[PDB]
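Now for the letters of each chain:
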Amino acid sequence: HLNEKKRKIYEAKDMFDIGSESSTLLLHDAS
Amino acid sequence: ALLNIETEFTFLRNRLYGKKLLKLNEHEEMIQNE
């Protein structure tokens, strides 16, 4: 269960990184 | 402007990743620590 939670957390962190990059790109375009 | 917000969102994501990773490792040690 802890292994699964850690892998879900790694996935969530990568997805948040992708979201941060996308938000940065949208902010740059809005500039 | 865009680079600063990019770095800020990157810092937020890295903080979330690091905190969740440290919490997971703590729970794991505790499993081995009962």
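Structure determination for the deposited model, as stated in its record, used cryo-EM, and the stated resolution is 3.20 Å.

The deposited entry bears the title "Cryo-EM structure of the SIN3L complex from S. pombe".

Novice: Help me understand the overall build of chain B in this model?
Specialist: Looking only at helices and strands, one finds 1 helix and 0 strands in chain B. With the C-alpha coordinates of chain B rotated into their principal frame, the extents come out at 50 × 5 × 5 Å.

Novice: Can you walk me through the interface of chain A and chain B in this structure?
Specialist: A common way to report how large an interface is uses the accessible area buried once the components associate. Contact residues are listed per partner, giving 10 residues for chain A and 12 residues for chain B. Of the residues that constitute the side of chain A that touches chain B, the class distribution is 3 nonpolar, 3 polar and 4 charged.

Rules and cut-offs
- Each chain's residues are numbered sequentially from 1 according to the written sequence, a convention that need not reproduce the entry's numbering, and residues without coordinates are excluded.
- Chains carry letters from A onward and ligands carry numbers from 1 onward, assigned in written order.
- Shown here is not the whole assembly but part of a larger one, and the values apply to the part shown.
- Side-chain descriptors were evaluated using all non-hydrogen atoms of the structure, hydrogens and water having been removed beforehand.
- Residues with missing side-chain atoms are left out of burial classes, side-chain pairs and their counts.
- By the criteria applied, helices consist of DSSP H or I runs no shorter than four residues and strands consist of E runs no shorter than two, each listed in order from the N terminus.
- Here, two residues are considered to be in contact whenever any of their heavy atoms come within 4.5 Å of each other.
- Basically, the charged four are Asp, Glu, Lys and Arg, the nonpolar ten are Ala, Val, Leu, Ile, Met, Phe, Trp, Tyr, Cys and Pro, and anything else, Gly included, counts as polar.

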